[PDB]
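**Q** Structure supplied as model_2.pdb; contents: PDB, C-alpha atoms.
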```pdb
ATOM      1  CA  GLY A   2     138.243   4.656 -93.463  1.00  0.00           C
ATOM      2  CA  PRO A   3     141.686   5.711 -94.791  1.00  0.00           C
ATOM      3  CA  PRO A   4     143.376   3.436 -97.342  1.00  0.00           C
ATOM      4  CA  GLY A   5     145.645   0.845 -95.702  1.00  0.00           C
ATOM      5  CA  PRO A   6     149.389   1.527 -95.486  1.00  0.00           C
ATOM      6  CA  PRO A   7     151.722   0.679 -98.449  1.00  0.00           C
ATOM      7  CA  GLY A   8     153.222  -2.812 -98.512  1.00  0.00           C
ATOM      8  CA  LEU A   9     156.684  -3.584 -97.191  1.00  0.00           C
ATOM      9  CA  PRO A  10     159.606  -3.046 -99.617  1.00  0.00           C
ATOM     10  CA  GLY A  11     160.657  -6.214-101.521  1.00  0.00           C
ATOM     11  CA  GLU A  12     163.798  -8.154-100.507  1.00  0.00           C
ATOM     12  CA  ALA A  13     167.181  -7.130-101.836  1.00  0.00           C
ATOM     13  CA  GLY A  14     167.975  -8.159-105.401  1.00  0.00           C
ATOM     14  CA  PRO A  15     170.334 -10.914-106.757  1.00  0.00           C
ATOM     15  CA  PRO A  16     174.132 -10.441-106.499  1.00  0.00           C
ATOM     16  CA  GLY A  17     175.356  -8.321-109.448  1.00  0.00           C
ATOM     17  CA  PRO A  18     177.671  -9.708-112.162  1.00  0.00           C
ATOM     18  CA  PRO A  19     181.256 -10.876-110.984  1.00  0.00           C
TER      19      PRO A  19
ATOM     20  CA  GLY B   2     136.470   4.378 -90.435  1.00  0.00           C
ATOM     21  CA  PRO B   3     139.270   1.870 -89.704  1.00  0.00           C
ATOM     22  CA  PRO B   4     142.371   1.864 -92.133  1.00  0.00           C
ATOM     23  CA  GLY B   5     142.169  -0.849 -94.805  1.00  0.00           C
ATOM     24  CA  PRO B   6     144.716  -3.739 -94.636  1.00  0.00           C
ATOM     25  CA  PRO B   7     148.353  -3.205 -95.617  1.00  0.00           C
ATOM     26  CA  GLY B   8     149.462  -3.704 -99.223  1.00  0.00           C
ATOM     27  CA  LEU B   9     151.238  -6.805-100.364  1.00  0.00           C
ATOM     28  CA  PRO B  10     155.086  -6.908-100.274  1.00  0.00           C
ATOM     29  CA  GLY B  11     157.007  -5.374-103.153  1.00  0.00           C
ATOM     30  CA  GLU B  12     158.936  -7.482-105.642  1.00  0.00           C
ATOM     31  CA  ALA B  13     162.658  -8.325-105.312  1.00  0.00           C
ATOM     32  CA  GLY B  14     165.105  -5.525-106.100  1.00  0.00           C
ATOM     33  CA  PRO B  15     167.471  -5.085-109.068  1.00  0.00           C
ATOM     34  CA  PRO B  16     170.806  -6.982-109.383  1.00  0.00           C
ATOM     35  CA  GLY B  17     173.695  -5.391-107.555  1.00  0.00           C
ATOM     36  CA  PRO B  18     176.559  -3.523-109.310  1.00  0.00           C
ATOM     37  CA  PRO B  19     179.262  -5.535-111.073  1.00  0.00           C
TER      38      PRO B  19
ATOM     39  CA  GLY C   2     132.852   2.859 -89.422  1.00  0.00           C
ATOM     40  CA  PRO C   3     133.352   1.418 -93.092  1.00  0.00           C
ATOM     41  CA  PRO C   4     136.922  -0.039 -93.664  1.00  0.00           C
ATOM     42  CA  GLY C   5     139.204   1.789 -95.959  1.00  0.00           C
ATOM     43  CA  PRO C   6     140.483   0.429 -99.286  1.00  0.00           C
ATOM     44  CA  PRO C   7     143.427  -2.078 -99.173  1.00  0.00           C
ATOM     45  CA  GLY C   8     146.881  -0.472 -99.230  1.00  0.00           C
ATOM     46  CA  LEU C   9     149.108  -0.320-102.367  1.00  0.00           C
ATOM     47  CA  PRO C  10     151.733  -3.010-102.847  1.00  0.00           C
ATOM     48  CA  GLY C  11     155.252  -2.241-101.649  1.00  0.00           C
ATOM     49  CA  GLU C  12     158.189  -0.689-103.565  1.00  0.00           C
ATOM     50  CA  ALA C  13     160.672  -2.958-105.242  1.00  0.00           C
ATOM     51  CA  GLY C  14     163.504  -3.988-102.937  1.00  0.00           C
ATOM     52  CA  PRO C  15     167.011  -2.522-102.747  1.00  0.00           C
ATOM     53  CA  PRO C  16     169.795  -3.474-105.210  1.00  0.00           C
ATOM     54  CA  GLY C  17     171.517  -6.750-104.465  1.00  0.00           C
ATOM     55  CA  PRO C  18     175.130  -7.228-103.250  1.00  0.00           C
ATOM     56  CA  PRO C  19     178.064  -6.794-105.844  1.00  0.00           C
TER      57      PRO C  19
END
```
What would you get if you wrote out this structure as structure tokens?
**A**
Amino acid sequence: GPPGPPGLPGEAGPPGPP
Amino acid sequence: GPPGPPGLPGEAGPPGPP
Amino acid sequence: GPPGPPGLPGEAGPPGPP
């Protein structure tokens, strides 16, 4: 069989500096 | 054959811009 | 037939909010 599909993207990162 | 299982999720992204 | 290899982990997530 083919390799499985790539994982989902991670969640968005932390808010940036103020 | 059948596709393997999907990959694990990616890690969290980078901090946003200031 | 024989199952394929597990998929690669996902990309890092998008940048966070400002």
**Q** Please provide the set of residues having any atom within 7 Å of residue 7 in chain C, restricted to all atoms listed in the file, with same-chain residues fewer than 5 positions apart removed, written as a PyMOL selection string.
**A** (chain A and resi 4-5) or (chain B and resi 5-8)
**Q** Give me a file of those residues, with C-alpha atoms, as a tab-separated table (two decimals), in the frame of the given file.
**A**
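The resulting file, result.tsv, is shown below:
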```
chain	number	residue	atom	x	y	z
A	4	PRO	CA	143.38	3.44	-97.34
A	5	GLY	CA	145.65	0.84	-95.70
B	5	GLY	CA	142.17	-0.85	-94.80
B	6	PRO	CA	144.72	-3.74	-94.64
B	7	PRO	CA	148.35	-3.20	-95.62
B	8	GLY	CA	149.46	-3.70	-99.22
```
**Q** What does the PyMOL selection byres ((chain B and resi 9-11) around 7) select in this file, as a CSV table (one decimal) with C-alpha atoms, in the coordinates of the input?
**A**
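selection-v8.csv, written as the output of this step:
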```
chain,number,residue,atom,x,y,z
A,8,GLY,CA,153.2,-2.8,-98.5
A,9,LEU,CA,156.7,-3.6,-97.2
A,10,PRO,CA,159.6,-3.0,-99.6
A,11,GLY,CA,160.7,-6.2,-101.5
B,7,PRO,CA,148.4,-3.2,-95.6
B,8,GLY,CA,149.5,-3.7,-99.2
B,12,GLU,CA,158.9,-7.5,-105.6
B,13,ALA,CA,162.7,-8.3,-105.3
C,10,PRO,CA,151.7,-3.0,-102.8
C,11,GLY,CA,155.3,-2.2,-101.6
C,12,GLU,CA,158.2,-0.7,-103.6
C,13,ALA,CA,160.7,-3.0,-105.2
C,14,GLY,CA,163.5,-4.0,-102.9
```
**Q** Superimpose chain B on chain C so that the squared distances between all in-order C-alpha pairs are minimised, and send the result as a JSON list (two decimals) with C-alpha atoms, in the coordinates of the input.
**A**
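Saved result, part_4.json, follows:
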```json
[["chain", "number", "residue", "atom", "x", "y", "z"],
["B", 2, "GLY", "CA", 132.54, 2.34, -89.86],
["B", 3, "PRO", "CA", 134.05, -0.23, -92.26],
["B", 4, "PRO", "CA", 137.95, -0.12, -92.80],
["B", 5, "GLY", "CA", 138.97, 1.76, -95.96],
["B", 6, "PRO", "CA", 140.56, -0.26, -98.83],
["B", 7, "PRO", "CA", 144.13, -1.55, -98.58],
["B", 8, "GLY", "CA", 147.03, 0.61, -99.77],
["B", 9, "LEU", "CA", 148.72, 0.05, -103.08],
["B", 10, "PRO", "CA", 151.76, -2.29, -103.26],
["B", 11, "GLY", "CA", 155.17, -0.92, -102.34],
["B", 12, "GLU", "CA", 157.88, -0.36, -104.93],
["B", 13, "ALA", "CA", 160.59, -2.92, -105.79],
["B", 14, "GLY", "CA", 163.39, -3.36, -103.25],
["B", 15, "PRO", "CA", 167.06, -2.32, -103.43],
["B", 16, "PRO", "CA", 169.69, -4.29, -105.44],
["B", 17, "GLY", "CA", 171.18, -7.23, -103.61],
["B", 18, "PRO", "CA", 174.75, -7.26, -102.18],
["B", 19, "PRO", "CA", 177.68, -7.72, -104.56]]
```
**Q** Which centre and which edge lengths, in Å to one decimal, describe the axis-aligned box that holds all listed atoms of range 9-14 of chain C after 6 Å is added on each side, as AutoDock Vina command-line options?
**A**
```
--center_x 156.3 --center_y -2.2 --center_z -103.4 --size_x 26.4 --size_y 15.7 --size_z 15.6
```
**Q** Suppose you want the space between CA of residue 15 in chain C and CA of residue 18 in chain A; what is it in Å?
**A**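 Atom-to-atom, CA of residue 15 in chain C to CA of residue 18 in chain A, that is 15.9 Å.
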**Q** If you count only C-alpha atoms, which residues fall within 8 Å of residue 19 in chain C, apart from same-chain ones fewer than 2 positions away, as a compact mmCIF listing (two decimals) with C-alpha atoms, in the coordinates of the input?
**A**
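Okay, this is what ended up in out_0.txt:
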```txt
# COMPACT_ATOMS: atom_id res chain seq x y z
CA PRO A 16 174.13 -10.44 -106.50
CA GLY A 17 175.36 -8.32 -109.45
CA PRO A 18 177.67 -9.71 -112.16
CA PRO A 19 181.26 -10.88 -110.98
CA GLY B 17 173.70 -5.39 -107.56
CA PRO B 18 176.56 -3.52 -109.31
CA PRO B 19 179.26 -5.54 -111.07
CA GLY C 17 171.52 -6.75 -104.46
```
**Q** When the PyMOL selection byres ((chain C and resi 2) around 8) is applied to the file above, which residues end up in the set, as a list in words?
**A**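 Selected by the PyMOL selection byres ((chain C and resi 2) around 8) in this file: residues 2 of chain A; 2 and 3 of chain B; 3 and 4 of chain C.
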**Q** Please complete chain B so it has N, CA, C and O atoms, and hand it over as a tab-separated table (two decimals), keeping the file's coordinate frame.
**A**
```
chain	number	residue	atom	x	y	z
B	2	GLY	N	136.51	5.84	-90.68
B	2	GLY	CA	136.47	4.38	-90.44
B	2	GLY	C	137.88	3.83	-90.15
B	2	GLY	O	138.88	4.62	-90.10
B	3	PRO	N	137.98	2.48	-89.91
B	3	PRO	CA	139.27	1.87	-89.70
B	3	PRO	C	140.08	1.92	-91.04
B	3	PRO	O	139.47	1.86	-92.10
B	4	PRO	N	141.44	2.02	-90.97
B	4	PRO	CA	142.37	1.86	-92.13
B	4	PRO	C	142.10	0.50	-92.81
B	4	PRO	O	141.75	-0.49	-92.10
B	5	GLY	N	142.17	0.45	-94.15
B	5	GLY	CA	142.17	-0.85	-94.80
B	5	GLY	C	143.42	-1.63	-94.40
B	5	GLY	O	144.35	-1.07	-93.75
B	6	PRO	N	143.50	-2.88	-94.86
B	6	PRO	CA	144.72	-3.74	-94.64
B	6	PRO	C	145.91	-3.21	-95.41
B	6	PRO	O	145.74	-2.53	-96.46
B	7	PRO	N	147.11	-3.48	-94.88
B	7	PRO	CA	148.35	-3.20	-95.62
B	7	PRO	C	148.47	-3.90	-96.99
B	7	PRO	O	147.86	-4.99	-97.26
B	8	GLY	N	149.15	-3.19	-97.87
B	8	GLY	CA	149.46	-3.70	-99.22
B	8	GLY	C	150.32	-4.92	-99.15
B	8	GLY	O	150.95	-5.19	-98.14
B	9	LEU	N	150.29	-5.70	-100.21
B	9	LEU	CA	151.24	-6.80	-100.36
B	9	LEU	C	152.70	-6.36	-100.47
B	9	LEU	O	152.97	-5.23	-100.83
B	10	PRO	N	153.66	-7.29	-100.19
B	10	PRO	CA	155.09	-6.91	-100.27
B	10	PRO	C	155.43	-6.55	-101.70
B	10	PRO	O	154.89	-7.19	-102.62
B	11	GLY	N	156.40	-5.64	-101.87
B	11	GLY	CA	157.01	-5.37	-103.15
B	11	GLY	C	157.78	-6.59	-103.66
B	11	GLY	O	158.10	-7.53	-102.95
B	12	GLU	N	158.10	-6.50	-104.95
B	12	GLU	CA	158.94	-7.48	-105.64
B	12	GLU	C	160.44	-7.35	-105.22
B	12	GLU	O	160.87	-6.37	-104.56
B	13	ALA	N	161.23	-8.36	-105.58
B	13	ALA	CA	162.66	-8.32	-105.31
B	13	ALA	C	163.31	-7.11	-106.02
B	13	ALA	O	162.88	-6.62	-107.06
B	14	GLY	N	164.35	-6.57	-105.43
B	14	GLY	CA	165.10	-5.52	-106.10
B	14	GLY	C	165.94	-5.96	-107.30
B	14	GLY	O	166.02	-7.17	-107.66
B	15	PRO	N	166.56	-4.95	-107.94
B	15	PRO	CA	167.47	-5.08	-109.07
B	15	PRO	C	168.76	-5.83	-108.69
B	15	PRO	O	169.15	-5.86	-107.51
B	16	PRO	N	169.42	-6.49	-109.67
B	16	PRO	CA	170.81	-6.98	-109.38
B	16	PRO	C	171.71	-5.87	-108.85
B	16	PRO	O	171.55	-4.69	-109.22
B	17	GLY	N	172.59	-6.23	-107.94
B	17	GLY	CA	173.70	-5.39	-107.56
B	17	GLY	C	174.60	-4.94	-108.68
B	17	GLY	O	174.51	-5.43	-109.83
B	18	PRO	N	175.54	-4.02	-108.33
B	18	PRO	CA	176.56	-3.52	-109.31
B	18	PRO	C	177.51	-4.64	-109.66
B	18	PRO	O	177.66	-5.60	-108.91
B	19	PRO	N	178.20	-4.51	-110.83
B	19	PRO	CA	179.26	-5.54	-111.07
B	19	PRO	C	180.29	-5.56	-109.91
B	19	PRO	O	180.51	-4.47	-109.28
```
